[PDB]
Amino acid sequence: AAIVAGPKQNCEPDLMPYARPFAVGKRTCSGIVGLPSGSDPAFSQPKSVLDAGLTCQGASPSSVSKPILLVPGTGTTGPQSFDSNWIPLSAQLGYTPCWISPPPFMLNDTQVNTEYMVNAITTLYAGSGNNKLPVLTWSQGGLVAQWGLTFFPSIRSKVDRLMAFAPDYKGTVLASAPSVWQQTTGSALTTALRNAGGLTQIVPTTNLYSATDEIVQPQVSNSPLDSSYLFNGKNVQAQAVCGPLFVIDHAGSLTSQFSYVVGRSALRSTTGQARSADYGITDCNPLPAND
């Protein structure tokens, strides 16, 4: 009942177990609050159904050398998204291209689409001799990758890096199919990802995007406000490097020569993220890389 201004610390008190899951990324006395690490949520789909959506080029996912998992965009299959680009480009870099094609064309529940990716990572990790593998994505594919890493603890140590092209982590304001509702800015899904701490990278991540993206917006600030931005990630907005006259659209973000140089840098980097020293003004080419 007397003087008490005393209580003085040099750190914020740790959050109680019941609130800890809601402050991932923040620092308290014990350190940075990490993501919950319990058991994986159960799949709503039979494993045999999830396996039907996974394919590797020239090999079985159960026995594959240096696999790379490609996750497609909304309204497409793995081949439709990557046949003209990262399937042959990654093969040229020494990887065995693998991809998932969640039915129907990624239009269904993003949470279900994520099951295909989680199962695929589990499969390819073991299939490659229990070795981490890179994941490369386009559009919703990135949202799926981060959703998986946020809610399925088992794959966090199985993914070595994430190279996401035009990812819509905050959804888009330019937005119906189930996944379209979920990718609309302000959706319950994008809100959940943010509130669970999903806007901070979980594995070494590189996000390549464009201010002139005609599908995903806002992307114009080259800051945390952009939909493709992840805290601690290597966030590369094309125009920040190439200037305001460099125009690549949503698909160009995945297929341009600039995108290839950045992606290649991320894939070979020992840090798991693309390095500024690997690209410059001369790589600011909007033409297709596989061309």
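Residue positions are given as counts along the sequence shown, with the first one as 1.
- The entry models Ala175 and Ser176 with a gap of 4 to 9 deposited residues left without coordinates.
- Looking at 229-237 and 54-62 together, the entry lists the larger mean B-factor for 54-62, computed on C-alpha atoms.
- In this crystal structure, the stretch out of 267-275 and 5-13 whose C-alpha atoms carry the higher mean B factor is 5-13.
- Annotation for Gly75, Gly94, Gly141, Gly148: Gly94 ranks highest, by Cα B-factor.
- Per the PDB entry, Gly129 shows the highest C-alpha temperature factor of the residues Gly171, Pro134, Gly129, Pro79.
- Among the modelled residues of the chain, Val262 sits in the lowest third by CA temperature factor in this PDB entry.
- When all modelled residues of the chain are sorted by CA temperature factor, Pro41 is found within the highest third.
- When the CA B factors of the chain's modelled residues are split into thirds, the value for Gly252 lands in the lowest one.
- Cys242: CA B factor lies in the middle third for its chain, per the PDB record.
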